[PDB]
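Undergrad: Please read through the structure below; I'll follow up with questions.
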Ligand SMILES: Nc1nc2c(ncn2[C@@H]2O[C@H](CO)[C@@H](O)[C@H]2OP(=O)(O)O)c(=O)[nH]1
Ligand SMILES: [Sr+2]
């Protein structure tokens, strides 16, 4: 079973932790990758009720299982905070335009 289901993509907690670790490391070093400059601030326009405090940052999580290193980010993202705590996993899949819905 999937710990996180983003549309048709299946992720385990380990997939989320691996992606998060990479994203946090780049955040800490002040570097970015990709045309959208990941990781970058997640404003939470959606108003999701995360249990951890902001600021939030988003980083792509890939269905291939690899860590994002550039190129197309896909529709899924892991969201973490300044304390390297996981806020949640979200996706553009099933959401209109550039909005996000949570993966369940
Ligand atoms: N939907 C959404 N987009 C966000 C949020 N925070 C930042 N963004 C960025 O705001 C712009 C419009 O949605 C995009 O550049 C988007 O970046 P990403 O496309 O990388 O998510 C957020 O809380 N929700
Ligand atoms: Sr996996």
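In the deposited numbering, the protein residues as written are 1 to 104.
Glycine included, each C-beta is placed from N, C-alpha and C at the ideal position.
Should residue 24 and residue 80 be called a contact, given that it needs their Cβ atoms to be closer than 9 Å?
TA: yes
Undergrad: Is the CB-CB distance between residue 105 and residue 68 below 9 Å?
TA: No information on residue 105 is available, as it lies outside the stretch 1 to 104 that the chain covers here.
Undergrad: For the beta strand (DSSP E) containing residue 86, list its first residue and its last residue.
TA: Segment 86-91, the beta strand (DSSP E) holding residue 86.
Undergrad: Straight-line CA distance for residue 64 to residue 5?
TA: Approximately 14 Å, taken between the alpha carbons.
Undergrad: Given that a residue counts as buried once 16 or more other Cβ atoms are within 10 Å of its Cβ, and exposed if not, what is residue 73?
TA: buried
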